[PDB]
Amino acid sequence: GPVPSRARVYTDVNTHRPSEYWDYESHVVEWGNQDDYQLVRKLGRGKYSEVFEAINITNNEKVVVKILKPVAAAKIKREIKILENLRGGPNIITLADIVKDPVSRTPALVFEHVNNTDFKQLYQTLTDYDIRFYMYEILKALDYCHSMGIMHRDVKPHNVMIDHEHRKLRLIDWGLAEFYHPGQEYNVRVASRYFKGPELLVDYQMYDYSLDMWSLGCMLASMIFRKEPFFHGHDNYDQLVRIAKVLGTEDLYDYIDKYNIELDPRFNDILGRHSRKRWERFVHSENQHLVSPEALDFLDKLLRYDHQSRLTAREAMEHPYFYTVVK
Ligand SMILES: NCc1ccc(-c2cccc(F)c2)c(Cl)c1
Ligand SMILES: NCc1ccc(-c2cccc(F)c2)c(Cl)c1
Ligand SMILES: NCc1ccc(-c2cccc(F)c2)c(Cl)c1
Ligand SMILES: NCc1ccc(-c2cccc(F)c2)c(Cl)c1
Ligand SMILES: NCc1ccc(-c2cccc(F)c2)c(Cl)c1
Ligand SMILES: NCc1ccc(-c2cccc(F)c2)c(Cl)c1
């Protein structure tokens, strides 16, 4: 069977912290007053929640209210516990309150408001310096949450709120986040298709924080190469073939052989043989202003099949790509 794996960092955070920290099922929710909030506009709806812009009438402050749907409702304690554990962390969305929505009969999470700039608008105008700057801010959030024994598991552009005017960034939607326990087998049906790490795509369940580092690398490749998404799979199987057309099939086979993983036999008819491509292949006259030798070297160290080989968030912050960023 599969060879076991452990994170190379923050391995034993959850064992040396008290049980009340990670045992989210034993957590007693403190309920706030639903009457303090006035819903103003529905921002959106997903399969797990409905999100609104609201006003806290006890201080006139704008807030965001996330009304959880019943599917999400069953696992709210994990999300609430994670949010409380991470509250005050750098660039982590702040949970302000938890109320019972009288219509949905489900919990509603109230968050600080972030005046999010449109994804298309921001994607199109970010300079080389702004990419580096915001990547560094995302790394602060990821090293903080990994240091706290938590993996996000859904890093993607829609989960990163940016108020470009105030250069404020927040990592949101901790609904898929989980506590890392060494040797635990996790569900591989996490993260959005284009951001899924190879470990999910080959059904390797003993993954860790390094999954977030793959997803971060996919975001970086899209922004510096102006190719959205970078790995554009039609389904989860084609997602792996898209990765293999860039990183190559030999390094893929080295990875699955290292962990004694067998690919789904359906790959025989779609995977083929592909050499590893040099990152410079993706440079052209329309993205050259966002690329540098430091960007390519940094991307190379995130987008690695072997989850144990990827840079950690703290090592990533040490990289020359961020030397230009004012700290
Ligand atoms: N308070 C507005 C509202 C009302 C109902 C629901 C809801 C409840 C049960 C199932 C479901 F799919 C949605 C939500 Cl999330 C928000
Ligand atoms: N451009 C209007 C807008 C305003 C707020 C939000 C928002 C949603 C959830 C959490 C959050 F911190 C902010 C979005 Cl997505 C769009
Ligand atoms: N939710 C809008 C959004 C979130 C994040 C980013 C982003 C992603 C990678 C690097 C970076 F500097 C910024 C963009 Cl462009 C838009
Ligand atoms: N108003 C456009 C819009 C719609 C949806 C999302 C979205 C999608 C998935 C997860 C998430 F946290 C947010 C965003 Cl960021 C903006
Ligand atoms: N994919 C062909 C390609 C095209 C141009 C460049 C390039 C762009 C700007 C400066 C520079 F020193 C080189 C590279 Cl690296 C690769
Ligand atoms: N921003 C202009 C630019 C773009 C790309 C490169 C480049 C060229 C070859 C390899 C490499 F890793 C990066 C340079 Cl030197 C300058």
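Residues numbered from 1 in each chain as written, not as in the entry; some residues may be left out. Chains lettered and ligands numbered in written order. Heavy atoms only, no water.

Heads up, the condition is: UniProt positions are given in the numbering used here, feature names are shortened, and annotations may be inferred rather than shown by experiment.
Labelled according to the PDB entry, the protein chain appears under the name Casein kinase II subunit alpha, originating from Homo sapiens. Under the UniProt heading Subcellular location, the note attached to the protein chain is "Nucleus".

1. Focus on the overall build of the protein chain
As a reminder of what qualifies: Secondary structure counts use DSSP, requiring at least four H or I residues in a row for a helix and at least two E residues in a row for a strand, with both numbered from the N terminus. Using C-alpha atoms as the atom set, the radius of gyration is obtained and then compared with a globule rule of 2.2 Å times the number of residues to the power 0.38. Accessibility here uses a 1.4 Å probe with only protein chains present; expressed as a share of the type maximum, an area under 20% marks a residue as buried, one over 50% as exposed, and anything in between as partly exposed. Residue contacts follow a heavy-atom distance rule, with two residues in contact if any of their heavy atoms lie within 4.5 Å. Note on areas: Shrake-Rupley with a 1.4 Å probe; residue coverage comes only from the protein chains shown.
When helices and strands are tallied, the protein chain shows 12 helices and nine strands. Computed over its C-alpha atoms, the radius of gyration of the protein chain comes to 20 Å, within 12% of the 20 Å expected for a compact globule of 327 residues. Sorting the 327 residues of the protein chain into buried and exposed places 53% on the buried side. In the protein chain, of all internal contacts separated by at least 6 residues, the share reaching a separation of at least 24 is 69%. As displayed, the protein chain has an accessible area near 16,200 Å², and 47% of this comes from carbon and sulfur atoms.

2. A look at the site of ligand 4
Applied cut-off: Think of it this way: one heavy atom of a residue within 4 Å of a molecule or strand is enough to make that residue near it. By the convention adopted, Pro, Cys, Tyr, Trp, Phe, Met, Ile, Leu, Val and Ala count as nonpolar, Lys, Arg, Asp and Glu as charged, and the other residues, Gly among them, as polar.
In the vicinity of ligand 4, the residues found are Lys 156, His 158, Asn 159, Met 161 and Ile 172. Protein burial of ligand 4: of its 400 Å² of free accessible surface, 48% is covered by the chains. Here the residues of the shell around ligand 4 are counted per class, giving two nonpolar, two polar and one charged.

3. Here's the deal with the nonpolar core
Here is the rule: By convention a nonpolar core is built from buried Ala, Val, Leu, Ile, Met, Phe, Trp, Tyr and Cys residues, the set being connected through side-chain atoms within 4.5 Å. Those domain boundaries reflect an automatic or database domain assignment.
The biggest cluster of nonpolar side chains holds 91 residues, and the ones touching the most others in it are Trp 174, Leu 220, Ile 224, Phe 225, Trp 279 and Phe 298. Mapped onto the domain boundaries, this core takes at least three residues apiece from domain 1 (5-22 + 114-327) and domain 2 (23-113). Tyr 180, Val 190, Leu 200 and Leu 211 belong to the second largest nonpolar core, which has 11 residues in total.

4. Re the domain arrangement of the protein chain
Test applied: Here the quantity called buried area is the total loss of accessible area, with a 1.4 Å probe, experienced by two parts when brought into contact, counted for both. The working definition used for a salt bridge is a side-chain nitrogen of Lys or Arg within 4 Å of a carboxyl oxygen of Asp or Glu. Any pair of nitrogen or oxygen atoms within 3.5 Å is treated as a polar contact; in protein, a donor-acceptor pairing is required on top of that, and neighbouring residues in sequence qualify only through side-chain atoms on both sides.
For the protein chain, the domain assignment lists domain 1 (5-22 + 114-327) and domain 2 (23-113). Each of domain 1 and domain 2 has a C-alpha centre, and these two points are 27 Å apart. Between domain 1 and domain 2, the residue contacts involve 26 residues of the former and 17 residues of the latter. In terms of surface lost to domain 2, no three residues of domain 1 exceed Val 114, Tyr 144 and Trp 174, which account for 28% of the buried area on that side. One salt bridge in this structure joins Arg 170 and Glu 112, with 3.2 Å as the shortest N-O distance. Scanning the region where domain 1 abuts domain 2 turns up 13 residue pairs in polar contact.

5. Looking at the site of ligand 5
For ligand 5, the full set of nearby residues is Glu 280, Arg 281, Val 283 and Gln 288. A distance of 2.8 Å separates a nitrogen atom of ligand 5 from a polar backbone atom of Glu 280. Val 283 has a polar backbone atom sitting 2.8 Å from a nitrogen atom of ligand 5. Contact with the protein chains hides 38% of the accessible area of ligand 5, taken as 400 Å² for the molecule alone. Residues of the shell around ligand 5, tallied by class, amount to one nonpolar, one polar and two charged.

6. Considering the UniProt feature "binding site: ATP" in the protein chain
Where we set the bar: Space inside and on the surface of the protein is sampled on a 1 Å grid over the protein atoms alone, with a cavity defined as a set of points where a 1.4 Å probe fits but cannot get out and a pocket as an open set with protein on both sides within 12 Å along at least 5 of 7 lines; lining residues have an atom within 4 Å of a point.
Look at the UniProt record and you will see "binding site: ATP" annotated at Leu 43, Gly 44, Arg 45, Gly 46, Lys 47, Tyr 48, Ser 49, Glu 50, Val 51 and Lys 66. Despite a sequence span of 24 residues, these residues sit close together in the fold, their greatest C-alpha distance being 14.1 Å. Cross-referencing the annotated residues with the second largest pocket identifies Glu 50 as lining it. Setting aside anything within four residues of it in sequence, one finds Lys 47 in contact with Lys 69 and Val 71. Residue placement: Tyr 48 occurs in the loop between β1 (37-45) and β2 (49-56). Contacts of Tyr 48, omitting those with residues within four sequence positions, involve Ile 67, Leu 68, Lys 69, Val 71 and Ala 72.

7. Brief notes about the layout of surface pockets
Basically, it comes down to this: Grid points are joined across faces, edges and corners, and a volume is the space filled by probe spheres set on the points.
Each pocket or cavity is described by its volume, and for the second largest pocket that value is around 300 Å³. Along the walls of the second largest pocket sit 20 residues, with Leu 39, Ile 67, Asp 101, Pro 102 and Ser 104 positioned nearest its centre.

8. Section: the side chain of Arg 310
Following the sequence through the fold, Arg 310 ends up in the loop between α11 (293-302) and α12 (313-317). Side-chain polar atoms of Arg 310 contact the backbone oxygen of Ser 210, separated by 2.9 Å.

9. Here we look at the packing of aromatic side chains
Each pair of aromatic rings is reported with the distance of its centres and the angle of its planes. The condition is simple: Only the six-membered ring of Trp is used, alongside the rings of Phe and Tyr, when aromatic pairs are assigned; centres must lie within 6.5 Å, and planes under 30 degrees apart are stacked while those over 60 apart are edge-to-face, with the rest tilted. Any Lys NZ or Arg CZ that is within 6 Å of a ring centre and within 35 degrees of that ring's normal is treated as a charge sitting over the ring.
Per the counting criterion, the structure on display carries 22 aromatic pairs. Each ring, one from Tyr 24 and one from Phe 179, has its centre 6.4 Å from the other, and the planes form 10 degrees; the classification is stacked. With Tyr 24 in the loop between α2 (19-22) and β1 and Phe 179 in strand β9 (residues 178-179), this residue pair connects regions lying 155 residues apart in the sequence. When its relative accessible area of 0% is taken as the criterion, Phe 179 is described as buried. Seen from their ring centres, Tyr 255 and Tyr 259 are 5.4 Å apart, and the 75 degrees between their planes marks the pair as edge-to-face. Note on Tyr 259: relative accessible area 1%, which makes it buried. Here the aromatic residues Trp 214, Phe 225, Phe 230, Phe 231, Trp 279 and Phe 282 are joined through ring pairs into a cluster of three or more. The ring of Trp 31 has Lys 100 lying over it, and the distance from NZ or CZ to the ring centre is 5.6 Å.

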